[PDB]
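Note that the protein sequences, when read in sequence, are chains A and A'. A prime marks a further copy of an entry chain.
Going by the deposited numbering, the final residue of the first sequence carries number 386, and the count climbs one at a time with no gaps.
Going by the deposited numbering, the final residue of the second sequence carries number 386, and the count climbs one at a time with no gaps.
Beta carbons are placed, not taken as given, at the ideal position from N, Cα and C, and that holds for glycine.
For reference, the structure discussed in these notes is given below.
There are 2 protein chains.
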Amino acid sequence: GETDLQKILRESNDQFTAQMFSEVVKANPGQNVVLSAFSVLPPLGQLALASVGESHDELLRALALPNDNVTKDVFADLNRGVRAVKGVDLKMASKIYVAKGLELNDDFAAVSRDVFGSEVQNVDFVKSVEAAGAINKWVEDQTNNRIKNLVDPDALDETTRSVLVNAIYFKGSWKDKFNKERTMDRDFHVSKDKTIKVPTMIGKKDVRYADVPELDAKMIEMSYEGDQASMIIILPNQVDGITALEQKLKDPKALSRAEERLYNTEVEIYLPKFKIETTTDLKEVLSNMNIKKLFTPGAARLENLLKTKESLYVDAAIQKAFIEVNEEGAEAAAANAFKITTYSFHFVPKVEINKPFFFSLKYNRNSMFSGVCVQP
Amino acid sequence: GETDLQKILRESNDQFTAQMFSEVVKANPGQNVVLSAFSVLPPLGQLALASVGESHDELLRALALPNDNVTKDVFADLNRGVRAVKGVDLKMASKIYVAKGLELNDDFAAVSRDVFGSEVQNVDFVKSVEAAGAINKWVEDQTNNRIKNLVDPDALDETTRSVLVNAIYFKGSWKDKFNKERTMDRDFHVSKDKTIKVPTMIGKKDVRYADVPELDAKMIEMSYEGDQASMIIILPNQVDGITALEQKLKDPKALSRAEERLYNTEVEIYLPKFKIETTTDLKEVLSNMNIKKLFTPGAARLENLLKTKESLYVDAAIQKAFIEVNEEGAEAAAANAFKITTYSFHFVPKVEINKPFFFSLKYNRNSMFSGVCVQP
Numbered sequence: 011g012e013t014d015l016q017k018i019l020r021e022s023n024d025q026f027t028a029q030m031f032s033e034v035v036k037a038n039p040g041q042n043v044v045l046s047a048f049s050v051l052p053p054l055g056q057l058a059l060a061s062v063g064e065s066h067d068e069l070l071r072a073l074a075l076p077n078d079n080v081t082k083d084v085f086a087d088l089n090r091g092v093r094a095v096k097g098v099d100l101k102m103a104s105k106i107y108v109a110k111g112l113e114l115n116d117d118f119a120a121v122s123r124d125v126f127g128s129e130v131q132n133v134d135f136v137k138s139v140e141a142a143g144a145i146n147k148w149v150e151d152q153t154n155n156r157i158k159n160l161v162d163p164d165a166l167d168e169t170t171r172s173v174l175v176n177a178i179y180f181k182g183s184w185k186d187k188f189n190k191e192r193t194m195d196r197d198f199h200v201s202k203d204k205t206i207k208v209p210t211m212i213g214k215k216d217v218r219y220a221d222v223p224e225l226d227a228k229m230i231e232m233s234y235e236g237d238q239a240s241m242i243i244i245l246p247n248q249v250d251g252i253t254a255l256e257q258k259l260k261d262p263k264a265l266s267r268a269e270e271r272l273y274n275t276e277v278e279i280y281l282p283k284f285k286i287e288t289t290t291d292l293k294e295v296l297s298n299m300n301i302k303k304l305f306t307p308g309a310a311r312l313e314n315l316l317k318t319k320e321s322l323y324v325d326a327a328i329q330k331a332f333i334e335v336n337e338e339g340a341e342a343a344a345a346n347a348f349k350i351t352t353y354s355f356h357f358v359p360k361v362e363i364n365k366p367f368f369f370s371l372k373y374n375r376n377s378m379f380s381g382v383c384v385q386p
Numbered sequence: 011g012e013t014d015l016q017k018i019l020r021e022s023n024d025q026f027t028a029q030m031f032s033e034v035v036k037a038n039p040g041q042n043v044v045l046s047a048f049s050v051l052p053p054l055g056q057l058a059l060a061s062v063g064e065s066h067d068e069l070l071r072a073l074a075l076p077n078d079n080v081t082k083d084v085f086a087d088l089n090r091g092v093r094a095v096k097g098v099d100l101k102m103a104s105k106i107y108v109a110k111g112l113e114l115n116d117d118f119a120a121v122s123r124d125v126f127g128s129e130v131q132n133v134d135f136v137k138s139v140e141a142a143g144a145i146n147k148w149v150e151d152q153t154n155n156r157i158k159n160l161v162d163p164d165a166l167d168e169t170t171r172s173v174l175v176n177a178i179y180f181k182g183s184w185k186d187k188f189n190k191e192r193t194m195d196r197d198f199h200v201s202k203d204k205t206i207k208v209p210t211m212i213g214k215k216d217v218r219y220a221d222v223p224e225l226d227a228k229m230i231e232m233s234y235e236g237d238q239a240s241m242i243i244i245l246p247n248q249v250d251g252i253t254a255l256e257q258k259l260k261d262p263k264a265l266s267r268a269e270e271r272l273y274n275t276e277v278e279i280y281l282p283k284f285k286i287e288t289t290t291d292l293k294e295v296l297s298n299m300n301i302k303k304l305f306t307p308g309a310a311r312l313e314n315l316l317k318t319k320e321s322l323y324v325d326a327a328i329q330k331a332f333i334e335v336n337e338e339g340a341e342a343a344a345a346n347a348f349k350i351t352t353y354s355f356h357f358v359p360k361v362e363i364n365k366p367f368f369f370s371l372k373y374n375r376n377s378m379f380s381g382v383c384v385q386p
């Protein structure tokens, strides 16, 4: 049933996300990074349906899925509920481009678009620069021109067989906006000896908070308009605790454990605005996550992708992610002027996100994307 | 810290609620029932602070609390955040009345009001009927006259030493209202052979849903205005499955397990309107939950309640709960007329709550009250 399908998906995204997170963070020490394992699952599921033998089991194994039947049902169900998402602008695009002279299997192309919502199309790689321009134009179109230059013409060859591109963009609208006039330059500790002044938004907000000794950090959860999506922030107690937290976040359950500690309250939040853009070489990351055959000539066995079942493998896989976080939100400052209530003063703790922190977008109990911000 | 205090409270309310639920349901077979273990905890905590020896350990044991120090901190923290609660009208009143000729300990009375928010006061029980009228007037005042006749003059004696009264009232405002014009008489299966027609509200709503094989039921979670409180409904698959579910609900974790299955979706809900009013003899229930000394002359040892430390025990303890569930909600039908979107039609499953079901109000991850409705 749908309950079980949603569960399988949740579990799969959980372990895949943890795995992908460590890989990316490991290859980008001391740098801002944002990634999404969720946006990658569909194309990988579509690829598992097109493979046979070893490569196919590998993909399924890494996806933590039993078979093709269940794989189709999971993503179908997803695409039976995938429109916009309230309070946030979340765009995720996936597409597989294959050489011009390779006959596409008409059926697999149909299932591709409706089941996995990820398309397949021919492009002439022989004209590399033109092909890159073509691939980059489609992405610009899928992201309101928010994302550009996903694939560099150089990275393409005249002999390229196929390329998988993945793009994800995000900007959200806070359930309760921050007042732009209140934003000011405040200290941010990049390292135990380096401090910079970055624009920091200030506001009193109802959040979900929790002290987490296990992760030696503080967890905060802020919600966006509509109350369907939320931004999770984990702030290590120490200035250099960010790496220690990353190691802990490997276990796909550390996050679940921390969330069990969450409780509702009010705090004065000091949160830096930030925009992170990351280009991830999925070929490098996935290979380190034990998905290699798919990228090995004469080993991929994508015998269901082409009509002639000609041998084909993936030459390059690229994910480009751009995240934007600012004051935008509902209910302007002067909404209800004078709220006449008790003359008293409750204590409102001050939560200052002024050290390298981890963040993650949560939608329908699934992490849409995650990352670390070490330099706003 | 507050994180740990909230946790202890959650755990305590969880096991106490389960325990109290079975007791009440057991003594009221085939009847509507609503109860609240949460509203009872504070007065029991205040009573644990006033006791010594065995009676004191008993109370603490049942409260699943370590000591007086932690007990005070838990409820203090609670009363450091207890005002109204968004989208719902939730009133909970507690008070201890003691005979007129018993000198109250001035200090314990102070701590009573601020820490536990439960008052203590003298009343002349010698004039039973007048005392009952006095106790019933205060309750009416605490509940906007919503609740009356909590204590019957008969139940009081001229020799009564003390009485604990507990009252809880509730009415909520749905995040998305039901259309009154849409409400109609529909079938409700009271038993496998009896069917009646009760007013049933109909509406398409975004909810949290899950099929729960363990409990052989369907779980639904609807939210109220503000998104802080939610109504949990567990509908057994079978018409007579209600009793089987009650047995399962004894384990304070069955509910937690079921909630892990919840996922967001849209359904067409058919929910009967209903109002349940229950008068529970807390003396009978609590005694069955191993809290006896507190009600035994020469065994209570409430040596901190009176200035002269005179011997005193509780003669009667009464909880009266009144729950109201109807169409009231935010955003009237004609809010945004014509919402111009795709011409298509998604499938929206039909969820018909037409058999004896369990319900529970969840606020800040704590069940404010729970019960069963077998006859709307």
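Thinking C-beta only, is residue j closer than 8 Å to residue i?
{"i": "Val98(A')", "j": "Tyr234(A')", "result": "yes"}
{"i": "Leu292(A)", "j": "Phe31(A)", "result": "no"}
{"i": "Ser46(A)", "j": "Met299(A)", "result": "no"}
{"i": "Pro163(A')", "j": "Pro209(A')", "result": "no"}
{"i": "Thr275(A)", "j": "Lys330(A)", "result": "no"}
{"i": "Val62(A')", "j": "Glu313(A')", "result": "yes"}
{"i": "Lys317(A)", "j": "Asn132(A)", "result": "no"}
{"i": "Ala239(A')", "j": "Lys372(A')", "result": "yes"}
{"i": "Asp167(A)", "j": "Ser138(A)", "result": "yes"}
{"i": "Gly339(A')", "j": "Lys96(A')", "result": "no"}
{"i": "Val277(A)", "j": "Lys215(A)", "result": "yes"}
{"i": "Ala109(A')", "j": "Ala326(A')", "result": "no"}
{"i": "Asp14(A)", "j": "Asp237(A')", "result": "no"}
{"i": "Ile18(A)", "j": "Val84(A)", "result": "yes"}
{"i": "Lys207(A)", "j": "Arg196(A)", "result": "yes"}
{"i": "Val161(A')", "j": "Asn176(A')", "result": "no"}
{"i": "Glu64(A)", "j": "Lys319(A)", "result": "no"}
{"i": "residue 387(A')", "j": "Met211(A')", "result": "Residue 387(A') is absent from the model: chain A' starts at 11 and stops at 386."}
{"i": "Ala74(A)", "j": "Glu21(A)", "result": "yes"}
Using a C-beta to C-beta distance shorter than 9 Å, which residues of chain A count as neighbours of residue i?
{"i": "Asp221(A')", "result": "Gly11, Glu12, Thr13 and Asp14"}
{"i": "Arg375(A')", "result": "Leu272, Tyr273 and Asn274"}
{"i": "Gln238(A')", "result": "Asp216 and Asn274"}
Grab me the residues of residue i's own chain with a C-beta within less than 7 Å of its C-beta, minus the 5 sequence neighbours each way, in chain order.
{"i": "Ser321(A)", "result": "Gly308"}
{"i": "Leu255(A')", "result": "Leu225, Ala227, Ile244, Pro246 and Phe368"}
{"i": "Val34(A)", "result": "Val43, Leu45, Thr290 and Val295"}
{"i": "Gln385(A)", "result": "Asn42 and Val200"}
Using 8 Å as the limit for Cβ to Cβ distance, is residue i near chain A'?
{"i": "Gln25(A)", "result": "no"}
{"i": "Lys17(A)", "result": "yes"}
Please list, in chain order, all residues of the same chain as residue i whose beta carbon is under 6 Å from its beta carbon, the five residues on each side excluded.
{"i": "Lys285(A')", "result": "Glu334"}
{"i": "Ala119(A')", "result": "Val130"}
{"i": "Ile244(A)", "result": "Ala227, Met229 and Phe368"}
{"i": "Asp78(A')", "result": "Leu59"}
{"i": "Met232(A)", "result": "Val217 and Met241"}
{"i": "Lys365(A')", "result": "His199 and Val249"}
{"i": "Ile252(A)", "result": "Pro246 and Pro366"}
{"i": "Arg171(A')", "result": "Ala109, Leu322 and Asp325"}
Practice task
With a floor of 3 residues, list each beta strand (DSSP E) that falls wholly inside the stretch 214-273 of chain A', ordered by position along the chain.
Solution key: 227-233 and 239-246
Exercise for the section: Identify every run of the alpha helix (DSSP H) within the stretch 135-160 of chain A, keeping only runs that are complete inside it and at least 4 residues long; order them along the chain. Expected result: 138-152
Handout entry: Those runs of the alpha helix (DSSP H) which lie wholly inside the stretch 22-84 of chain A and span at least 4 residues
Key = 51-60 and 63-73
Problem - Within the stretch 263-324 of chain A', ranges of the beta strand (DSSP E) (whole runs, at least 3 residues) - result: 273-282 and 284-291
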